[PDB]
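In the block that follows, a single chain appears as structure tokens, in the form deposited in one PDB entry.
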């Protein structure tokens, strides 16, 4: 058996089943596995990427690929206009969050 390379934040876990079926989620992970740079980088986040999944409605997923361990961190998932533009203080906190989390997991 192999340990999973995918790691869900509490927020993502809270929201995943709403936006994706298990089958769709499996395919999304498989796409990420093959192409970890699948999404586009969100500026000033230290490499967080943003990807839209077509699926109802389309979903956006935010993730970070930790290159060192080849492991994926799934931040959050949302529909159109449920998230907002970040400012400096928020990018600061978000990067610290990624870090802290990365170090607990």
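Superpose the two forms; the largest set of C-alphas matching within 1.5 Å is the rigid core. Numbering follows the first chain given and starts at 1.
Coordinates are absent for 4 to 9 residues of the deposited sequence placed between residue 55 and residue 56. Between 27-35 and 60-68, it is 60-68 that carries the larger average Cα temperature factor according to the deposited entry. Comparing the deposited coordinates for 6-14 and 84-92, the stretch with the larger average C-alpha B-factor is 84-92.
Note that the form deposited in another entry isn't included here; everything after this is about it.
For residue 85, a C-alpha deviation of 2 angstroms or more is recorded between this form and the one not shown after rigid-core alignment. After superposition on the rigid core, displacement of the C-alpha of residue 38 between this form and the one not shown stays below 2 Å. Annotation for residue 96: C-alpha shift of 2 angstroms or more between this form and the one not shown, rigid core superposed. Cα-Cα spacing of residue 98 to residue 76 is enlarged in that other deposited form versus the present form (difference of at least 3 Å). Put simply, residue 76 and residue 96 spread apart in that other deposited form: their C-alpha atoms are 3 Å or more farther than in the form shown.
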